[PDB]
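A short write-up of the structure that comes next.
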6 protein chains.
Amino acid sequence: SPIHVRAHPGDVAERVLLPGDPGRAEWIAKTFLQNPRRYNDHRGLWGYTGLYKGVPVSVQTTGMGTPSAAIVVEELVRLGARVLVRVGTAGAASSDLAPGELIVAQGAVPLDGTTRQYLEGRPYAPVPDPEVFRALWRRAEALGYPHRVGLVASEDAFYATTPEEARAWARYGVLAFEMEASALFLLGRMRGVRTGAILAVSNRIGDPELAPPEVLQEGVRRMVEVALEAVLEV
Amino acid sequence: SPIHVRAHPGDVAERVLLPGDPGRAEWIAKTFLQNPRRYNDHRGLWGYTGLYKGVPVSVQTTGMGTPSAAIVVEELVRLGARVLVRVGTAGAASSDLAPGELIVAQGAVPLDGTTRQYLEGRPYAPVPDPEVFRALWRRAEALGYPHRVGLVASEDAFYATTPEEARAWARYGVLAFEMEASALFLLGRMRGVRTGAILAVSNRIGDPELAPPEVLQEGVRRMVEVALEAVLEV
Amino acid sequence: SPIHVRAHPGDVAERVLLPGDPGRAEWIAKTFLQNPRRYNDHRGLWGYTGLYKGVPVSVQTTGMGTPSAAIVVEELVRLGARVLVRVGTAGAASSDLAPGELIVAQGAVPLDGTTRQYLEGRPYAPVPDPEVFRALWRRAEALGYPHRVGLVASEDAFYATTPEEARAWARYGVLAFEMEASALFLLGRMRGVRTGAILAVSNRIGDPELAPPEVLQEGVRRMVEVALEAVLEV
Amino acid sequence: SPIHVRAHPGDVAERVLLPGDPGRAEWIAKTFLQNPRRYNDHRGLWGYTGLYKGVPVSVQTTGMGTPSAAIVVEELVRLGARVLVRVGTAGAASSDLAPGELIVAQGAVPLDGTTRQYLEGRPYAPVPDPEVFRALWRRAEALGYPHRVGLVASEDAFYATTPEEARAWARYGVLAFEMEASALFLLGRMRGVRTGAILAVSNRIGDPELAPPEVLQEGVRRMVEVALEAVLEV
Amino acid sequence: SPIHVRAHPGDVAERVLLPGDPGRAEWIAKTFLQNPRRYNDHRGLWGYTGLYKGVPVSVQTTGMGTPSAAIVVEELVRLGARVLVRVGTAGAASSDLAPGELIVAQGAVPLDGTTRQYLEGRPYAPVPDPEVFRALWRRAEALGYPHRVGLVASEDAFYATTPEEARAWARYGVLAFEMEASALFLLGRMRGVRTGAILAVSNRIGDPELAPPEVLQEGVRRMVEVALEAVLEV
Amino acid sequence: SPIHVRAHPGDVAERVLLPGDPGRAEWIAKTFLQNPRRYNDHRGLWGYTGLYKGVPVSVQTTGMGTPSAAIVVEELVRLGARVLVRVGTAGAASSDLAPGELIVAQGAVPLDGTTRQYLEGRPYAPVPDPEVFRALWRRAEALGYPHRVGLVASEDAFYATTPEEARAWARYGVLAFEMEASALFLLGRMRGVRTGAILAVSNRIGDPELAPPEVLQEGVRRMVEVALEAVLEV
Ligand SMILES: Nc1nc2c(ncn2[C@@H]2O[C@H](CO)[C@@H](O)[C@H]2O)c(=O)[nH]1
Ligand SMILES: Nc1nc2c(ncn2[C@@H]2O[C@H](CO)[C@@H](O)[C@H]2O)c(=O)[nH]1
Ligand SMILES: Nc1nc2c(ncn2[C@@H]2O[C@H](CO)[C@@H](O)[C@H]2O)c(=O)[nH]1
Ligand SMILES: Nc1nc2c(ncn2[C@@H]2O[C@H](CO)[C@@H](O)[C@H]2O)c(=O)[nH]1
Ligand SMILES: Nc1nc2c(ncn2[C@@H]2O[C@H](CO)[C@@H](O)[C@H]2O)c(=O)[nH]1
Ligand SMILES: Nc1nc2c(ncn2[C@@H]2O[C@H](CO)[C@@H](O)[C@H]2O)c(=O)[nH]1
């Protein structure tokens, strides 16, 4: 059994969804999974397994920052995870992106040290599994939920980045900022597993808060659905 | 008129293919375009323009390496380019990819100094325009030629990379090595244009001479077809 | 109201202890604090407050990795924290440190990208607040608890570091490897608060499992005693 | 036979001039070489060999950029090149250097990524072969053609540097910018062959094109003469 | 015998004060040492050995900059040195450190290349030996002289750092700029010896000369005393 | 009055030789200069100004390391120094160079932190002033003294380079290792003065000492002689 996500074989499922917030996790469990079960809760890393249209699905809590995610991801794989999709939030770096809108992450600028440490300092292009990426983009499109398809950025210092610094990054193709996608993608390739990431804009960089409960909450919901449907596909 | 690609106000089309070998360029313009016209030969950077299935299409030689390629791209853009797709060759990072196989660049691991100079040393994830990428994958499917979808890596010292080094990069998801994608993908986002890349494996890193030219020429043809069909998609 | 540690001024007491996993927080709260009040549980960042020997002391969850620890320390500062000491666990890099022993953080070798992004590439030497450091030190002696005073390393990739890399680092002085010390020390100076760090060696790098539960809890128990007594002396 | 310079052993002399643009290669071959013969035109890398004052000399196109130039040089040495002199143009980094003036490159600040790949990121000082360097200088004086002797800078991204950043480098001794020298100088030392570089200023950094036509040409003619005289001396 | 400090093993004592200027060494040796004798004067690295209250103590010159300092510290270790304390001057980075004030070095920010070459580009936290650090501190209060305890930055280019950049560092907690501590501390750990540093502020970066001849000299004296006492304990 | 080199205006000549050893300075002053007169002794940085064949010339100790030399060069130039040439020692990188041999420094690989601080981490090619570089070479020949022409490597940590690494560097053209060239060369350009460096090989990297004192001394005498003839040239 792992050191963090203390689970034994049989708990985790093939397809797994990775949420940073232990809350959204639970809310996913109770809201989309039949007879959801919680295999782990150690370190607040709440994780559940239930069924979605029969198919076994999982929902494991990564935490905040590629370091924590990496630890959980690495362990979910050792436990049996084959298809993991991130279900999180982000901070818009532009203005064209309004809160609640969804983003299918094409790739992730590695502004984190975790991927760096794994790459021993080498450059890289973290990208999801083309099948998963394709799947998310397709279930989104099929469901009719307006979205965006592009780049994000996985930083480490939440309060370091400034609106201005973000404006510049946007000129490079970055749409918003998150804190786990880059590592998910690296390990994804590194360990021979398919990974993906879908994000809900919960605010624009420069402002001290999230979005009017309902606006973002729908997003968080649309996102979670597209995710689930995509995995069952891959 | 641009410094290198000395084309005029009305010579370049919105949809352009970017081969590195001026030789391949000319061949495409003759084998696929109607009423083909060479608008430039300065510096051996042959660029042709004509009609493909009633749609205006251009073929511009980029040369080898991102330094050469960024100059050409930067100039195609101020010349009208809007959809630029790279039709090139690459060396497989490992043995699971044979010569003549197609690779649809999902992203490019930036091991070049050109993107490094443009990004002032900042990390980044050179990825194509999702739309164009999506197309390339579909026409590759439609036409039904043996291919792959994933990461390639753009290097600078062609003769630097060792077979041992390549295989390590393979353990990071890189399927093959080439010398342009990265910058194109970068400039694409920087100058708001949709770009893409499709490569035809011409050898496995470590070989003295490329494999049977008949098998590589056919690989090339398939690539150019997909690419041309895909540019009409966007 | 912080964006992550959804609290309010008055909830957090000047002197604060910072454990990595909430489970250990609760323990400390319920165990050493009278009338403990968990003012936050958002994102699993369990944060309590209560009386210790007649002085309001707090217990805040940082999460794993300096990225998560950064946000917590950054908000704890916005709420009114002045004396923040981390009470954690680490993996010994040397073959001389015994499981269950204590380590007073004289400094933290910055091997994480959080501190890095906050410094913008600049070289630094992350150290605690002079006094706190001196506090943790003088107590651990008056309390006859065998401990060590020296350097620890702060990393992002928990599973990257192999025993061999660890011994190498031990040659420079790294006693063990943890994951929150550096950014805590950094922010200490950056924000103006007094920080510190004491740790419990839970294992020897490269090993899949800790040692006898009994020993590891008495090491942590001690750690908090040596800690709580200090935050009051400064 | 090499991959890019499809030529046989005896198709290349011991002494070689390396112009970046194939049109000048051809011009040189015709304007200066006796009984010159084109031994390659693959990928537009026009290469001619003939006699200059009874001695054989080759004029080989390198292409734009160190990656391309590196490939060319590597194969040339494989082909028997022993003395390679780059004969190209450059953008002045200061208002004192006027179009047409010549520059005997004493060294090249390595702003390119090719050298870096070969240097695995180590610092370095790309300098020519002392004997070659001195002959160029000497002949320039012998021919009474005015010139400058100093550093040039080799970059990757032509359109990245601005009039500001360039003259900034001037304050470090950078006379002008180009895109091949550094890789040539490094490889000269790595493979053990004598290399040198001379340049015809084609414009001042900040201008949309170049200067008055005849001026530059007379500069190029002098440049090639100096280079030709020199290679026969070493 | 060592290449630079040409002394005999019996010459260097266990405890050693490390002044940067040979003028201060000679002074120390003659002001505080009983029956002092110079054991070396090669390369002007004046080194003296004497008795300070029954105990033998050496005062070795290091020169300016970590390269000179590292050469010295390395050879002193090889000649039996166990405890080395740097008694140098420094430049205030902020306005709260009027010259004459004392600084007990807790850590030294590595802005030098000596520690960079040793560490092989790896990050680090140069710090003194705990017990030695503790001693200096205690003796300063004991003897009762106004002092400050914190960080100092070790740089290579004295005339580089500008008045602004200093305040920029002040914001990360740098108390002053000197030129040796970092390497002394790194070697301290590598070669297993006890090192420390107590500085005497001489100016405020951006200063052309110095301050009141009177003040600076008194501060220096106290310094040498806090240092001489200290070493006696450890 | 400069801070370190406390010389009055007019004490230092236009031409100056730069030995790193104050013992060598005095010897040079009293060996080759007519009417030698020391103008500074502060910090063992011995400085002399006498006459060489009627021409005023100064010899100024730089100390060991680029941070030191950098300081003295900055100060001499501010004093009026115009032609500064280093006359020092260095250890051969391979069996290619024997003790007592002269090296005319064509360029200096910057492995030091000083040039890196000035340069702000940017790549660079430290070269001597072209005319001075030439006069040295020119005088080397006329005098009949056996010498090599090429690269050296200016490093910071004397005791850090392994014999192995020296060989790795030889592969890239580095002839020997020393500790001042690079900075002297960067300041040369930065401050508009003419510089150069001639070296006497005193050993091979690896050996714990030096060669036969009578062998090296003649190398030193030839070195100085060449430099003196040279400085009068420009
Ligand atoms: N860095 C960053 N992460 C954000 C932002 N908004 C939401 N997040 C995500 O949610 C967490 C922070 O609450 C991180 O794990 C991110 O992935 C933002 O503006 N910046
Ligand atoms: N770097 C690299 N490029 C290759 C290889 N094989 C084909 N190419 C491509 O074709 C050119 C080199 O022949 C470059 O422009 C590449 O994009 C290979 O093994 N390595
Ligand atoms: N990186 C690292 N963290 C450790 C180790 N042992 C305990 N930890 C700590 O506990 C968490 C990982 O379980 C991190 O938050 C660390 O601070 C170890 O061997 N390595
Ligand atoms: N980077 C750069 N290369 C230049 C410039 N002017 C001429 N060149 C040279 O000519 C090509 C660009 O036109 C490159 O191959 C360079 O070697 C200039 O201003 N900048
Ligand atoms: N870098 C630096 N060193 C200083 C300063 N003031 C005194 N020093 C010290 O004294 C020498 C420079 O005079 C160096 O050896 C330093 O350790 C200052 O402002 N900056
Ligand atoms: N780094 C280094 N410097 C050397 C060597 N031999 C002589 N030196 C020079 O002389 C001093 C070291 O003795 C430094 O100031 C160098 O410039 C050597 O082998 N390595």
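Here's how to read the names in the structure tokens: chain A, B, ... by the order shown, residue numbers from 1 in each chain, ligand numbers from 1 in the order shown.
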>> Taking only C-alpha atoms and all ligand atoms into account, which residues have an atom no farther than 10 Å from ligand 6? I'd like them as JSON, numbers by chain.
In response: {"E": [3, 4, 43, 67, 68, 71], "F": [19, 20, 21, 62, 63, 64, 65, 66, 68, 69, 86, 87, 88, 89, 90, 91, 92, 93, 153, 154, 155, 156, 157, 158, 159, 160, 161, 163, 166, 176, 177, 178, 179, 180, 181, 199, 200, 201, 202, 203, 204, 205, 206, 207, 208, 209, 210]}
Selection export as a compact mmCIF listing (two decimals), in the first residue's frame, atoms kept: N, CA and C atoms:
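Everything below was put into again-v3.txt:
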```txt
# COMPACT_ATOMS: atom_id res chain seq x y z
N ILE E 3 49.94 24.86 -1.84
CA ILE E 3 50.42 25.66 -2.96
C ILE E 3 50.41 27.16 -2.66
N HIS E 4 49.42 27.63 -1.91
CA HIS E 4 49.31 29.05 -1.61
C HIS E 4 49.64 29.48 -0.19
N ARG E 43 52.19 35.19 -1.78
CA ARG E 43 51.02 35.80 -2.39
C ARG E 43 50.35 36.83 -1.47
N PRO E 67 36.87 32.89 -4.64
CA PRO E 67 37.93 32.07 -5.25
C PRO E 67 39.19 32.06 -4.39
N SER E 68 39.58 33.25 -3.94
CA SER E 68 40.76 33.40 -3.11
C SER E 68 40.46 32.78 -1.76
N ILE E 71 40.37 28.90 -1.82
CA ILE E 71 41.74 28.38 -1.89
C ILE E 71 42.31 28.36 -0.48
N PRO F 19 50.21 40.95 -12.90
CA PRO F 19 50.51 39.65 -12.30
C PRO F 19 49.55 39.45 -11.12
N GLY F 20 49.16 38.21 -10.84
CA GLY F 20 48.27 37.98 -9.73
C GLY F 20 49.00 37.87 -8.40
N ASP F 21 50.31 37.61 -8.47
CA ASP F 21 51.16 37.45 -7.29
C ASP F 21 51.95 38.70 -6.94
N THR F 62 46.87 41.74 -8.96
CA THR F 62 45.42 41.62 -9.06
C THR F 62 44.86 40.70 -7.97
N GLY F 63 45.71 39.89 -7.35
CA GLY F 63 45.23 38.95 -6.35
C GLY F 63 44.70 37.73 -7.09
N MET F 64 44.19 36.74 -6.37
CA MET F 64 43.70 35.54 -7.05
C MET F 64 42.20 35.57 -7.20
N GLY F 65 41.72 35.21 -8.39
CA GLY F 65 40.29 35.18 -8.64
C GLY F 65 39.75 36.34 -9.46
N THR F 66 38.67 36.11 -10.19
CA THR F 66 38.09 37.18 -10.97
C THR F 66 37.44 38.28 -10.10
N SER F 68 38.54 39.51 -7.45
CA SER F 68 39.64 40.37 -7.02
C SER F 68 40.16 41.18 -8.19
N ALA F 69 40.65 40.47 -9.20
CA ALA F 69 41.16 41.10 -10.41
C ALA F 69 40.14 42.10 -10.96
N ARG F 86 47.68 40.94 -18.63
CA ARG F 86 47.94 39.99 -17.56
C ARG F 86 49.13 39.08 -17.91
N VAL F 87 50.00 38.88 -16.92
CA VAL F 87 51.17 38.01 -17.05
C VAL F 87 51.07 37.06 -15.87
N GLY F 88 50.37 35.95 -16.07
CA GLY F 88 50.18 35.00 -15.00
C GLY F 88 50.49 33.56 -15.35
N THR F 89 50.04 32.65 -14.50
CA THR F 89 50.27 31.22 -14.68
C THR F 89 48.96 30.48 -14.93
N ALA F 90 49.07 29.20 -15.27
CA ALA F 90 47.90 28.38 -15.55
C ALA F 90 48.30 26.91 -15.68
N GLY F 91 47.38 26.01 -15.37
CA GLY F 91 47.67 24.58 -15.47
C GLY F 91 47.14 23.95 -16.76
N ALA F 92 48.00 23.23 -17.47
CA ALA F 92 47.63 22.58 -18.72
C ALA F 92 46.44 21.62 -18.56
N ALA F 93 45.55 21.60 -19.56
CA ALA F 93 44.36 20.76 -19.54
C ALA F 93 44.66 19.36 -20.05
N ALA F 153 40.72 28.73 -19.79
CA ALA F 153 39.46 28.69 -19.11
C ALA F 153 39.65 29.40 -17.78
N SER F 154 38.88 30.45 -17.53
CA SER F 154 39.00 31.19 -16.26
C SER F 154 37.95 30.63 -15.31
N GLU F 155 38.41 29.98 -14.23
CA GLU F 155 37.50 29.38 -13.27
C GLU F 155 37.58 29.99 -11.89
N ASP F 156 36.60 29.64 -11.05
CA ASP F 156 36.50 30.14 -9.68
C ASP F 156 37.00 29.21 -8.58
N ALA F 157 36.74 27.91 -8.71
CA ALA F 157 37.17 26.96 -7.69
C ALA F 157 38.41 26.14 -8.08
N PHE F 158 39.56 26.63 -7.62
CA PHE F 158 40.86 26.00 -7.87
C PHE F 158 40.87 24.50 -7.59
N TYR F 159 40.36 24.13 -6.42
CA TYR F 159 40.34 22.73 -6.02
C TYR F 159 39.13 21.91 -6.44
N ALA F 160 38.30 22.45 -7.33
CA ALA F 160 37.11 21.72 -7.76
C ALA F 160 37.25 20.94 -9.06
N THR F 161 38.13 21.38 -9.94
CA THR F 161 38.26 20.69 -11.22
C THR F 161 39.04 19.38 -11.15
N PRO F 163 40.92 16.05 -12.95
CA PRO F 163 41.78 15.88 -14.13
C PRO F 163 40.90 15.50 -15.31
N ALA F 166 39.21 18.37 -16.96
CA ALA F 166 40.18 19.16 -17.69
C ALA F 166 40.26 18.58 -19.09
N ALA F 176 44.53 25.53 -21.10
CA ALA F 176 44.94 25.56 -19.71
C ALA F 176 43.89 26.25 -18.86
N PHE F 177 44.04 26.12 -17.54
CA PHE F 177 43.11 26.73 -16.59
C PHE F 177 43.80 27.77 -15.74
N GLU F 178 43.13 28.90 -15.56
CA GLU F 178 43.64 29.99 -14.74
C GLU F 178 42.46 30.70 -14.06
N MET F 179 42.70 31.85 -13.43
CA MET F 179 41.64 32.50 -12.70
C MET F 179 41.42 34.01 -12.87
N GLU F 180 41.75 34.59 -14.02
CA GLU F 180 41.56 36.02 -14.18
C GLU F 180 41.23 36.51 -15.58
N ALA F 181 41.69 35.78 -16.59
CA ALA F 181 41.48 36.19 -17.97
C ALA F 181 40.08 36.71 -18.30
N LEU F 199 50.41 33.64 -20.51
CA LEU F 199 50.59 32.73 -19.38
C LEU F 199 51.77 31.74 -19.42
N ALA F 200 52.28 31.39 -18.23
CA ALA F 200 53.36 30.41 -18.09
C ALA F 200 52.71 29.17 -17.49
N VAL F 201 52.80 28.05 -18.19
CA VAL F 201 52.19 26.82 -17.70
C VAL F 201 53.03 26.36 -16.55
N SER F 202 52.41 26.21 -15.39
CA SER F 202 53.14 25.81 -14.20
C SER F 202 52.92 24.37 -13.74
N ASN F 203 52.12 23.61 -14.49
CA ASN F 203 51.82 22.23 -14.10
C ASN F 203 50.69 21.69 -14.96
N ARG F 204 50.32 20.45 -14.66
CA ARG F 204 49.21 19.79 -15.33
C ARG F 204 48.16 19.68 -14.26
N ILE F 205 46.90 19.69 -14.64
CA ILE F 205 45.85 19.57 -13.64
C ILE F 205 45.92 18.16 -13.07
N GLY F 206 45.88 18.08 -11.74
CA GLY F 206 45.94 16.80 -11.07
C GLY F 206 47.09 16.76 -10.08
N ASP F 207 48.26 17.20 -10.52
CA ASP F 207 49.45 17.19 -9.67
C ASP F 207 49.34 18.17 -8.49
N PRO F 208 49.55 17.66 -7.26
CA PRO F 208 49.49 18.42 -6.00
C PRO F 208 50.56 19.50 -5.80
N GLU F 209 51.31 19.84 -6.85
CA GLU F 209 52.37 20.86 -6.76
C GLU F 209 52.72 21.52 -8.11
N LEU F 210 53.98 21.98 -8.22
CA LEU F 210 54.50 22.63 -9.43
C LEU F 210 55.75 21.88 -9.97
```
Output as a PDB file with C-alpha atoms, in the first residue's frame the set of chain B residues within 12 Å of chain F, with distances taken over only C-alpha atoms.
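The new file selection_15.pdb reads:
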```pdb
ATOM      1  CA  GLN B 117      15.392  33.564 -27.682  1.00  0.00           C
ATOM      2  CA  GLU B 120      13.525  34.954 -23.137  1.00  0.00           C
ATOM      3  CA  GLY B 121      14.339  31.614 -21.503  1.00  0.00           C
TER       4      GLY B 121
END
```
> Mind checking DSSP for range 25-144 of chain E and telling me the alpha helix (DSSP H) residues as number ranges by chain?
Replying inline: E: 25-32, 66-77, 114-119, 130-143
What would the file look like if the residues just selected were written as a short mmCIF file (atom, residue, chain, number, x, y, z; two decimals), in the first residue's frame with N, CA and C atoms?
```
data_model
loop_
_atom_site.label_atom_id
_atom_site.label_comp_id
_atom_site.auth_asym_id
_atom_site.auth_seq_id
_atom_site.Cartn_x
_atom_site.Cartn_y
_atom_site.Cartn_z
N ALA E 25 44.73 41.46 9.48
CA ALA E 25 45.28 40.25 10.08
C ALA E 25 46.42 40.68 10.99
N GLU E 26 47.44 41.28 10.39
CA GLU E 26 48.60 41.77 11.12
C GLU E 26 48.20 42.59 12.36
N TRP E 27 47.20 43.44 12.21
CA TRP E 27 46.74 44.25 13.32
C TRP E 27 46.18 43.35 14.41
N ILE E 28 45.23 42.49 14.04
CA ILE E 28 44.63 41.58 14.99
C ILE E 28 45.77 40.90 15.75
N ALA E 29 46.53 40.10 15.01
CA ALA E 29 47.66 39.36 15.56
C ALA E 29 48.47 40.16 16.57
N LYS E 30 48.66 41.45 16.31
CA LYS E 30 49.46 42.29 17.19
C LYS E 30 48.68 42.98 18.29
N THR E 31 47.37 43.08 18.15
CA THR E 31 46.57 43.73 19.17
C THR E 31 46.00 42.74 20.18
N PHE E 32 45.61 41.56 19.71
CA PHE E 32 45.02 40.58 20.61
C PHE E 32 45.89 39.38 20.95
N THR E 66 35.28 34.81 -3.15
CA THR E 66 35.29 33.40 -2.77
C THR E 66 36.40 32.54 -3.43
N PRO E 67 36.87 32.89 -4.64
CA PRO E 67 37.93 32.07 -5.25
C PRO E 67 39.19 32.06 -4.39
N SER E 68 39.58 33.25 -3.94
CA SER E 68 40.76 33.40 -3.11
C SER E 68 40.46 32.78 -1.76
N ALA E 69 39.27 33.08 -1.23
CA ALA E 69 38.84 32.57 0.06
C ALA E 69 38.76 31.04 0.11
N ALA E 70 38.19 30.43 -0.94
CA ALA E 70 38.07 28.97 -1.00
C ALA E 70 39.46 28.33 -1.03
N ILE E 71 40.37 28.90 -1.82
CA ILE E 71 41.74 28.38 -1.89
C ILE E 71 42.31 28.36 -0.48
N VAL E 72 42.12 29.46 0.24
CA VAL E 72 42.61 29.59 1.60
C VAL E 72 41.97 28.59 2.55
N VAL E 73 40.65 28.65 2.67
CA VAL E 73 39.92 27.75 3.57
C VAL E 73 40.27 26.27 3.30
N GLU E 74 40.36 25.89 2.03
CA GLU E 74 40.70 24.51 1.67
C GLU E 74 42.06 24.11 2.24
N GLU E 75 43.06 24.95 2.05
CA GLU E 75 44.39 24.64 2.53
C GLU E 75 44.53 24.69 4.05
N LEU E 76 43.72 25.52 4.69
CA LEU E 76 43.75 25.62 6.13
C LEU E 76 43.16 24.34 6.72
N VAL E 77 42.12 23.81 6.09
CA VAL E 77 41.51 22.58 6.58
C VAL E 77 42.56 21.48 6.51
N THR E 114 32.15 30.47 -7.04
CA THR E 114 32.95 29.46 -6.36
C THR E 114 32.01 28.36 -5.84
N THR E 115 30.98 28.77 -5.11
CA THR E 115 30.03 27.83 -4.55
C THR E 115 29.22 27.21 -5.68
N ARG E 116 29.09 27.95 -6.77
CA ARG E 116 28.35 27.46 -7.92
C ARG E 116 29.12 26.33 -8.61
N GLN E 117 30.44 26.46 -8.69
CA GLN E 117 31.24 25.44 -9.34
C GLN E 117 31.31 24.21 -8.45
N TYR E 118 31.41 24.43 -7.14
CA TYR E 118 31.46 23.31 -6.22
C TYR E 118 30.17 22.49 -6.27
N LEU E 119 29.04 23.18 -6.15
CA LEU E 119 27.73 22.55 -6.16
C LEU E 119 27.25 22.05 -7.50
N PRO E 130 26.12 25.47 13.32
CA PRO E 130 25.20 25.88 14.39
C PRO E 130 25.87 26.37 15.68
N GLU E 131 26.63 25.49 16.33
CA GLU E 131 27.33 25.83 17.56
C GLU E 131 28.24 27.07 17.44
N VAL E 132 28.91 27.21 16.30
CA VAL E 132 29.80 28.36 16.06
C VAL E 132 28.94 29.60 15.91
N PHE E 133 27.85 29.45 15.17
CA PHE E 133 26.90 30.54 14.94
C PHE E 133 26.39 30.98 16.30
N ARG E 134 25.96 30.00 17.10
CA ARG E 134 25.41 30.26 18.43
C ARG E 134 26.39 30.98 19.35
N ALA E 135 27.65 30.57 19.29
CA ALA E 135 28.70 31.15 20.12
C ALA E 135 28.83 32.65 19.86
N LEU E 136 29.08 33.01 18.60
CA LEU E 136 29.24 34.41 18.22
C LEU E 136 28.10 35.23 18.80
N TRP E 137 26.88 34.79 18.52
CA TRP E 137 25.68 35.46 19.00
C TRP E 137 25.75 35.73 20.50
N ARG E 138 25.93 34.66 21.28
CA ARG E 138 26.01 34.77 22.74
C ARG E 138 27.10 35.73 23.23
N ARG E 139 28.30 35.63 22.66
CA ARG E 139 29.39 36.50 23.07
C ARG E 139 29.09 37.97 22.77
N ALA E 140 28.32 38.24 21.72
CA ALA E 140 27.97 39.61 21.37
C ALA E 140 27.08 40.23 22.44
N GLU E 141 26.11 39.46 22.92
CA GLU E 141 25.21 39.94 23.97
C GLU E 141 26.03 40.04 25.24
N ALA E 142 26.75 38.97 25.55
CA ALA E 142 27.61 38.91 26.73
C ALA E 142 28.42 40.19 26.86
N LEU E 143 29.35 40.39 25.92
CA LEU E 143 30.21 41.57 25.93
C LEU E 143 29.36 42.82 25.72
#
```
>> Counting only C-alpha atoms and all ligand atoms, which residue out of F:42, F:15, F:221, F:8 sits closest to ligand 5?
In response: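 Of all the options, F:42 lies closest to ligand 5.
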>> Let's see if you can do this: from backbone DSSP, list all strand (DSSP E) residues in range 28-194 of chain E, as a PyMOL selection string.
In response: chain E and resi 34-40+47-52+55-60+83-86+89-92+102-111+147-155+174-178+194
> Excluding same-chain residues fewer than 3 positions from residue 219 in chain F, what lies within 8 Å of it counting only C-alpha atoms, as a PyMOL selection string?
Replying inline: chain F and resi 100-102+200-201+215-216+222-223
>> Residues within 10 Å of residue 53 in chain A, please, as a list in words. Count only C-alpha atoms; anything in the same chain fewer than 4 positions from it doesn't count.
In response: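 Contacts, in chain order: residues 32, 33, 34, 57, 228, 229 and 232 of chain A.
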>> At a cut-off of 7 Å, using only C-alpha atoms, what residues contact residue 82 in chain C? Leave out same-chain residues fewer than 3 positions from it and give the result as a PyMOL selection string.
In response: chain C and resi 14-15+193-194
> Suppose you want the space between CA of residue 85 in chain B and CA of residue 23 in chain D; what is it in Å?
Replying inline: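 Between these atoms lies a distance of 27.2 Å.
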> Could you name the residues that touch residue 109 in chain F at 9 Å or less, counting only C-alpha atoms, but leaving out those on the same chain fewer than 2 positions away, as a count of residues only?
Replying inline: 18
> Could you pull the residues within 7 Å of residue 44 in chain A, counting only C-alpha atoms, minus those fewer than 3 positions along the same chain, as a list in words?
Replying inline: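 Skipping anything fewer than 3 positions along the chain leaves residues 22 and 41 of chain A; 22 and 44 of chain C.
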>> Please report the interatomic distance between atom 5 (C, counted along the ligand's line) of ligand 3 and CA of residue 48 in chain A in Å with one decimal.
In response: 25.6 Å
